[PDB]
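What follows is a single chain, given as structure tokens, in the form deposited in one PDB entry.
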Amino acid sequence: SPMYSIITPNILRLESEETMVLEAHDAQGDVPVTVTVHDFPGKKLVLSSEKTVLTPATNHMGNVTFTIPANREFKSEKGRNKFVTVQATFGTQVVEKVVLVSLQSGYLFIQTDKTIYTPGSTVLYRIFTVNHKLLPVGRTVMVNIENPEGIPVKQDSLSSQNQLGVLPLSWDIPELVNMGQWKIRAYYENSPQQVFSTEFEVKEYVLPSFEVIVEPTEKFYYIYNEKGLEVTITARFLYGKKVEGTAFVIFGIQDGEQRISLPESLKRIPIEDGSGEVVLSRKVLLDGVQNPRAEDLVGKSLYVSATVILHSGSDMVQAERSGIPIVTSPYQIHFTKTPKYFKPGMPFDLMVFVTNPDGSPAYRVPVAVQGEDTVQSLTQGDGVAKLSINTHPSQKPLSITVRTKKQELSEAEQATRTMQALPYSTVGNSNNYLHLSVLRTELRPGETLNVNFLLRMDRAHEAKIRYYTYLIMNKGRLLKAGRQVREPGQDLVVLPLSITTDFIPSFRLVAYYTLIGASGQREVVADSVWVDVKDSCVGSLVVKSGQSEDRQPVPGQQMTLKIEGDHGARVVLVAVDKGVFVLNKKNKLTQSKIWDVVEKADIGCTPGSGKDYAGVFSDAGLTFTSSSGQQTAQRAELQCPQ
């Protein structure tokens, strides 16, 4: 008997296009479908547009493209979450699902010309207005400049219509003003809860003549290392030449907000040829704290403070380096890239993510499963090593403890972390599964990714599976849905999936099949997989010299600047004296900062898989609902679980 199904995202966003996948399994001939969207609770229609007919021609699969306006009963009513009712009407059969609606419109990023400012000067800023595709929109933004203690002072309301999504603004900082961390707060007219910020410091200062860099030999401090903590100080004039002078360095422990200083550690080294070395002795550290347990320092951090004064006395600068972790192991094991679910009877591929104490990917690091030796794979450039554990059909969870096994370290210095994997439970204990397997190599828009579909179903009914329906989530919405056809006896088939710039920054491939066999049951089997892509720009932008380079220009001089962007694209610019960053480097706009924002707003939560078919859809940020009763759970949470 026929089954009609709908797939939508778990969260639907205002004003932007959200797609809905429509399927008619075991279908016969043309079948018309009306997609309706009503408010909830109670129904006044909001977009009953989009009618379509899925035909034999397209294997009874089509889609609908719809958009939600920020209408009367959504705008003012906020605080408690809003919902709508998506409703497909396949010929006569109705299928519906309530979905949590988010009031987040798009994204706002705020650039300030400098990171720091004096009283009396002018703050220049631009606001970039884009939708969830990181593409420019023409909306109306509200802007709030806000003094250190949270009091608005200047406020604006403008639209980036006919603007290319670039809003140029400014504000003259008054002379007699408060001194501290000010904020710019911009939000879309429609989304007063989604407020975007940027700090700028105000202070009385003058640009220094040189910068000072403070670097420790290791990016951490191992508590039994008796050599101590070896820091190097580098001073250098802003124009490049090395600095001569004297440096005063001091060390101190930081427990959370608290900050002990260690006066016993204060040194006065010479700076010769722009360089100098200083050490924090282990004794001075341990005799500096009142707890005799060397080990009580683990988890707390160390900070260094360096003050370089030129020999003339004409200038001095201060730099510091904080958050040097005190550690027992040089490494750090994370299970944040591994699915928390396995398929009983199939090997569970545990993706171990090893890192250095600052968070950076490790490399050539051995990892073994506790109990087994050599069951390893030296971690690669991405920081991930793969450990494939065999599993029995039992529904007992897998408790896995991983350990690093770096050779020249000792047992105590080896990093260690444990996890638990839950089994994918089958429908009616059918023991039928779908496993997607994909290889782990950093993808770029141009190369192609093999996606393997392993049909793990028992022979008597397998001939009924004639296709897998697959869906690709990117940037928190439905990027593409298609069909990997299957023919009787094909236990494994590969979809050659090509990567494009639309796949940036990362994506999830969710696929499923459906049938009857293990009893008179409408069974649904699904799997998901998260795959990371190289977080480059969609386009490209590069600034370099046309000025026959290799020369070094002079004050007042002309020069030519090569800009290499996308055709027909707008480009905004700024030049800053790097002395500004000797004083403050926080809150600088970056391309990786744009992607960091984007990926933190994903509605998918799991690296892949799920506790069952409904769980697989939900965890990847997708609803599933069918005329035969099968559906995903209710999601009323706008944020991921914790």
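Heads up: residue numbers just count along the shown sequence, starting at 1. Heads up, when I say rigid core I mean the largest set of C-alphas that superpose within 1.5 Å between the two forms.
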Missing coords for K114 in a third or more of other PDB entries: no
Other compared entries missing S76, a third or more: yes
Report the stretch with the higher mean CA temperature factor, choosing between 448 to 456 and 350 to 358 on the basis of the entry. 350 to 358
Identify the stretch, either 164 to 172 or 489 to 497, whose C-alpha atoms have the larger mean B-factor according to the entry. 164 to 172
Between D566, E523, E96, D315, which one tops the list for C-alpha B-factor in the PDB entry? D566
Hey, out of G323, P208, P366, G120, whose CA B-factor is highest in the deposited coordinates? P366
Where the record places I516 (Cα B-factor, split into thirds across the chain): lowest
Based on the deposited C-alpha B factors for this chain, I'd like to know if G345 is in the lowest, middle or highest third. lowest
Is the Cα B-factor recorded for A620 in the lowest, middle or highest third of its chain? lowest
In terms of its chain's C-alpha B-factors, the third that includes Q639 is the highest
State the tercile, meaning the lowest, middle or highest third, of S388 with respect to the CA B-factors recorded for its chain. middle
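Same protein, other form: the form deposited in another entry, not shown, and the subject of what follows.
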Which listed residue, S159, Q370, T118, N450, is the one whose CA shifts 2 angstroms or more between the shown form and the other one with the rigid core aligned? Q370
Taking the rigid core as the frame, does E189 move its C-alpha by 2 Å or more between the shown form and the other one? no
Relative to the superposed rigid core, does the CA atom of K133 travel 2 Å or more between the shown form and the other one? no
Rigid core fitted, then: does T379 show a CA shift of 2 angstroms or greater between the shown form and the other one? yes
